[PDB]
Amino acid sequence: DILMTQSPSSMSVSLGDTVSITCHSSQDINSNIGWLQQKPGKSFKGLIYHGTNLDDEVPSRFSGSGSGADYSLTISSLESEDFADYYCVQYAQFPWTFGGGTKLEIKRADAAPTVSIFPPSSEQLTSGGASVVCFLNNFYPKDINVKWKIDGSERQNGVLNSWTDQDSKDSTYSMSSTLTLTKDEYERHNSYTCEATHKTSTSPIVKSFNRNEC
């Protein structure tokens, strides 16, 4: 199969900016590549075919060009509707295959996460489960890592994370990380720790509780 590598996988940009997205195929595709836009929530619209040709209804601030295994898409004077995900697709050979997309996101200032940790509720504990929740809210940029510790020991199994789309009013991201344990194991440890590593700090933001308190 022809493998389509799309660069970059995301981009933070402002209205009026010019943006440039590229696509690499694992083999020469002789301009049999198109470009697609998926607005957020929405369906797709075909932008460009044959490397460089506009589909009908596509404004001329969209343009592409390439040769061989390397092709780009340029969007000049970005408008608010242009914030969307963009994919290239090759149709030089079957099966037809897609790049992984480039998300156009809105630029804002760096913001630290507000980190909050919560112990299992009694009620949950009643039913034999114990989920430890940690919100990491209103941060920027979207790159973040979350580490759990139980009595100092780092913990990977049982962690599930869920990220929101870029916020429509402030343009930050949030995640929840949930550490799910049996009520049994939970009652066997004291300190639960959720650490957020982010760009806006040289050092993790730590939040903690003790099972034994209160």
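Numbering starts at 1 and runs along the sequence shown.
**Student:** For the C-alpha atoms alone, is the average B factor greater in 57 to 65 or in 154 to 162, going by the entry?
**Tutor:** It is 154 to 162.
**Student:** Decide which of the stretches 83 to 91 and 121 to 129 has the higher mean C-alpha B-factor, going by the entry.
**Tutor:** Of 83 to 91 and 121 to 129, the stretch with the higher C-alpha B-factor average is 121 to 129.
**Student:** Using the B-factor values recorded in the entry, state whether the Cα atom of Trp148 falls in the lowest, middle or highest third among the modelled residues of its chain.
**Tutor:** Top third by C-alpha B-factor.
**Student:** Lowest, middle or highest third of the chain for the C-alpha temperature factor of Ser7?
**Tutor:** According to the entry, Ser7 has a C-alpha B-factor in the chain's middle third.
**Student:** Hey, what third does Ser168 fall into on Cα B-factor, ranked over its chain?
**Tutor:** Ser168: CA B-factor falls in the highest third of its chain.
**Student:** Could you look up the Cα B-factor of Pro113 in the entry and say which third of the chain it sits in: lowest, middle or highest?
**Tutor:** Middle third of the chain for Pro113's C-alpha B-factor.
**Student:** Which third, lowest, middle or highest, does the CA B-factor of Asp28 fall in along this chain?
**Tutor:** Its C-alpha B-factor belongs to the middle third of this chain's values.
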